[PDB]
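Read-outs: derived from the displayed coordinates by stated rules, not from any lab. Cβ atoms come from the backbone with ideal geometry, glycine included; neighbour counts cover every protein chain shown.
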Ligand SMILES: CC(=O)c1c(C)c2cnc(Nc3ccc(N4CCNCC4)cn3)nc2n(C2CCCC2)c1=O
Ligand SMILES: CC(=O)c1c(C)c2cnc(Nc3ccc(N4CCNCC4)cn3)nc2n(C2CCCC2)c1=O
């Protein structure tokens, strides 16, 4: 009963079925980065229960995104199911998550789409270079939906948080000089999103061991410098904490599905798993400063 | 490598997948007879190996045709497979048959489409009345294909002939006053299509028993009178003879797939199965005369 949502599900379904007939090459050509597929549907006096009568659906660079999915260890059939088997769920009073909590579906602006197009080749090559091991967003699909006059753009990414294990505390850190704090309107929703100073206040610590910390920051440095290089800024580190005590394995996670998980070290006051990655990178006081400033912060909290 | 053919296969595939999400009602509404679905595809720098970059596909009254398929004992998944699993084969120097010889795919004119629309409700009701037992064409699907500038209309019907058992001799009878005979250009192709006088010459007999003859002509009368009633004429009886001696069951056929089969009677000079039905009905000296004249002929040859 959300028409835009059902066009998306329809669109992803259509998209993955078409690609299932297209031979997967090992390389992308420069044209794959300029490519798209467009489908206009006009149903007259037919199929009213499921679909709108008039909708358009556009996928950007379908070959590039399939290549990315593969590189992030995502199988097209699973991706299709996660997005289609049952409707994605809305998240605030905004974004959606797939019914299985695996994927995030964010509405973005035509500006954001333009920027994504702009960085896609370099983004792809970066993913190739690091063999998919990164704390960058994992962009999996990018679409344009049209439902009789309304036009929206969506991007699909991997969830930073676990699909199984809940997260009682969420942070969003930038390490900025200006003060960042959470709304009391937000604090009163079951799961709030705290910011820099909610953290830098109530004594929040991340208990990971020195190897795990080394790996993470090495990754973060490479990622962040690549973002700097692209003149990108205003991105956050999304930090989620799962308290094992409150909520198969009786506390362990699948490291091949919940890629951003790190177990706490043995002397950790409480049994905790952490989920950390970069989010929200498509905004284009300066990029080169922001990067090292962001890195300073994350170092001092870990 | 025939673009129009691959849009058809693409279109049937798309059509049956969509309908698989639509609830099947037991009744059609008057709007189902005015309905259609339209899909415009624009691929830029994508999917060139399989599809054209720009094509349109239109299905007419998709609910009505699905209802007909069901009434003729055809399952949508099978129909999808017969048309998609492998390309339909061309037939002359015209029409196509599905790779499994079950369905015929004829190109028709916009006139023919208009006439089909015109008779569809009455056609449907007739099929309902006779519980699908008829010698009329079984119309299963009707489409419009557009491949960059070229526009064609196709209709899909059940084959009059068997999908397994070959047919060494084919006739096409109208019972007309003017002389009808086959071309020598035709006679020289492996399987010719003989006409009224090729039959009325070389002593062709149809050896069926008196019950089978009674059933057939009762059917034929009802069918033909319905065609008359619609002011339709210029239709033929397509007669195919299978010689058991020349070419599982060692001579018997599936009466649920090869619906138009009749075994010969026990005293038949040779072991023969006959395949007879009406074809080519969409041309709109008069209809009422043609009918009884057609019936006179078929009576005198059986
Ligand atoms: C496109 C992004 O960079 C991006 C990613 C990758 C992402 C990944 N996992 C998320 N997983 C999340 C993020 C937040 C929650 N919450 C649960 C309850 N509501 C408040 C926060 C749950 N799951 N959220 C993500 N976002 C969201 C934050 C901005 C709007 C979408 C994103 O932009
Ligand atoms: C739309 C029709 O009325 C119709 C039907 C139902 C039909 C059914 N079975 C056929 N089965 C046939 C008909 C003819 C052959 N031949 C095999 C070799 N070439 C010569 C004839 C094989 N199978 N052919 C049919 N035709 C054809 C005759 C006119 C053009 C299509 C049709 O119009």
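Residues of the range A:49-66 with an amide N closer than 19 Å to a point placed 7 Å from the Cα of residue A:13 along the Cα-to-Cβ direction: A:49-59. Sorted largest first, the spans of the alpha carbon positions of the range B:51-174 along the three principal axes are 44, 36, 33 Å. If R0 is taken as 35 Å, the Cβ-Cβ distance between residue B:151 and residue B:131 corresponds to a FRET efficiency of 0.45. In this assembly of identical copies, the label point of residue A:267 (Cα plus 7 Å along Cα-to-Cβ) is separated from its counterparts by 10.9 nm, sorted shortest first. One decimal place: the segment residue A:177-residue A:108 gains 22.2 nm when fully extended, by the rule 0.36 nm per residue minus the C-alpha distance. The three principal axes of the C-alpha atoms in the protein assembly as shown carry coordinate ranges of 103, 45, 44 Å, sorted with the longest axis first.
Estimated from helical segments only, the mean residue ellipticity of chain A at 222 nm is -10000 deg cm²/dmol, where each DSSP H run of four or more residues counts as -39500 (n - 2.57). Output needed: percent of Cα pairs per 10 Å distance bin for chain B, bins running from 0 to the one holding the longest distance. So the P(r) values, bin by bin, are 5, 26, 34, 24, 10, 2, 0. Given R0 = 45 Å, the distance between the Cβ atoms of residue B:164 and residue B:48 translates into a calculated FRET efficiency of 0.75. Using the Cβ-Cβ distance between residue A:293 and residue A:70 with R0 set to 30 Å, the FRET efficiency from 1/(1 + (r/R0)^6) comes to roughly 0.30.
In chain A, the beta-carbon sitting nearest the axis that superposes A on B belongs to the residue given here with its distance in angstrom, A:40, 2.
With the crude spin-label approximation of a point 7 Å out along Cα→Cβ, what separation in nm comes out for residue B:85 versus residue A:252? Calculated label separation equals 4.6 nm.
For the range B:195-236, the spread of Cα coordinates along the three principal axes comes to 34, 27, 7 Å, biggest extent given first. Across the range A:1-93, the convex hull enclosing all Cα atoms gives 131 Å³ per residue. Relative to the other identical copies, residue B:122 shows label-point distances of 7.0 nm, where the label point lies 7 Å from Cα along the Cβ direction and values run shortest first. Using the alpha-carbon positions of the range B:246-302, Rg (one decimal) and Dmax (whole number) come out as 15.7, 46 Å.
Sorted from nearest, the other copies put their residue B:187 label points 10.1 nm away, the label point being 7 Å from Cα in the direction of Cβ. Taking a ≥ b ≥ c as the square roots of the eigenvalues of the Cα gyration tensor of the range A:130-170, is the shape rounded (a/c under 1.5), prolate (a/b larger than b/c) or oblate? Judged from the Cα gyration tensor, the range A:130-170 comes out oblate (a/c at least 1.5, b/c at or above a/b). Stokes-Einstein diffusion of the range B:113-185 at 4 °C, 1.567 mPa s viscosity, Kirkwood radius from Cα pairs, rounded to a whole number: 81 µm²/s.
Can you divide the C-alpha Rg of the range A:175-302 by 2.2 N^0.38 Å and report the result to two decimal places?
After normalising by residue count via 2.2 N^0.38 Å, the value is 1.12.
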